[PDB]
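Next up is one chain by itself, shown in structure tokens, the form deposited in one PDB entry.
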């Protein structure tokens, strides 16, 4: 009987520090916007230049923010370069050099009076975070017992939302979000990197990686027994040997081959679509602009409403954690897509009617908080770990590179295109997100298999069975 040992908890918690990194760096940038723009202005005039226009300031601000996404796009797509070469554990250890570097560029850019270092810092930390968003579910997916793969997979998203919450709190200007201390707000990302790097050598390599990739059955078997607290891992070892046998009969998997081979096309389209369902839900937009929408809905101090949204963000991630093995992935993902379709619709109605009818403002405030709760029930955590369950050992790294890249890329696209669309459509802009949510609800119901409690082998065989 398999058990959740302290060893297993340790290995997984240490992995999700990378999750916390993604969450922190993603969210930290919003609060000090004015402070950093003032920094950008003061830097330019401290050299031999006129004060920047609003246009140049915006453009330099936008760049500081967006280059992080560009880094994440490149990093997440590059994961395949690391995990087969160095293994899963060592890849995580290695890439913390990017985290310390990017963090020091950001922490020093003010005293160095360099807008360039700020941008470079964001790009490097973006690269690190992209590699992480791929590394962590792959490691967690490969060391969790099958019966708890989904629950442990949800610890990845939990670290992310705790990352975001902490960045919001630190961003308070009586904490680190001031004119003098914002370099530390940004450079804080250094500290978790150092902590994780210290603990990582004591975490095990993936036994799946050791047995299947590196053909070290007796080492793998010994990891498994300690990690799960049982001598009897015969079935798990045998499933891995089956996977080893199939990987030996197939060519090395490339990214392109995923779309060529029938058996891989179905799971990769599912994988990519589910990332879109995460990002084309409007979560970027909703979180970023929630403060402005709270304020126009009358919230006297809208920062605290936003931190309140971050807390809701965390609570319902934990709710999902406890339901995903009982409800299954399909159910949790559809409920969350459905609920969000309802809330985004309600945001449009509220905003349209707010100036004519009384409490529609409060309904607007509610719609946003309930949106975030439905987002974390399913579309938040599930897309990040489910790709790991849709493939066996051979295709997984290339598959996760592709799916993770599509997550970052579509997130980038939401950030890029939403202000234009909001400009033209106003309150109706949330009906665009509603449309995607409904489309992806239908896709999920019809196309996404239940993965709960199934071995990779079983899941892969069913895909091969359809392709015939």
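Definition used throughout: the rigid core is the maximal C-alpha set that superposes within 1.5 Å between two forms. Numbering follows the first chain given and starts at 1.
Participant: So, looking at the entry's B-factor column for Cα atoms, which has the higher mean, 322-330 or 355-363?
Facilitator: Mean B over CA atoms: larger for 355-363.
Participant: If you average the CA temperature factors over each stretch, which comes out higher, 309-317 or 213-221?
Facilitator: Taking the mean C-alpha B-factor of 309-317 and of 213-221, the larger value falls to 213-221.
Participant: Can you tell me which of 300, 277, 90, 78 has the maximum CA B-factor listed in the PDB entry?
Facilitator: Across 300, 277, 90, 78, the entry lists the biggest C-alpha B-factor for 300.
Participant: From the list 291, 189, 157, 196, select the residue with the highest C-alpha B factor recorded in the entry.
Facilitator: Most elevated C-alpha B-factor of the set, per the entry: 291.
Participant: Consider only the C-alpha atoms of the modelled residues in this chain, order them by B-factor as the entry records it, and name the third containing residue 438: lowest, middle or highest.
Facilitator: Answer is lowest: the recorded C-alpha B-factor places it there.
Participant: Using only modelled residues of the chain, where does the Cα B factor of residue 166 rank: lowest third, middle third or highest third?
Facilitator: Bottom third by C-alpha B-factor.
Participant: What third of the chain, by the recorded C-alpha B-factor, contains residue 148?
Facilitator: Ranked within chain, residue 148 CA B lands in the middle tercile.
Participant: Relative to the other modelled residues of the same chain, rank the CA B-factor of residue 376 and answer lowest, middle or highest third.
Facilitator: Ranked within chain, residue 376 CA B lands in the lowest tercile.
Participant: Grab the CA temperature factor for residue 384 from the record and place it in the lowest, middle or highest third of its chain.
Facilitator: Lowest third of the chain for residue 384's C-alpha B-factor.
Although not depicted, the form deposited in another entry is the subject of the following passage.
Participant: With the core superposed, find the residue in 115, 270, 203, 299 that moves its CA 2 Å or more between this form and the one not shown.
Facilitator: Residue with a C-alpha shift of 2 Å or more: 299.
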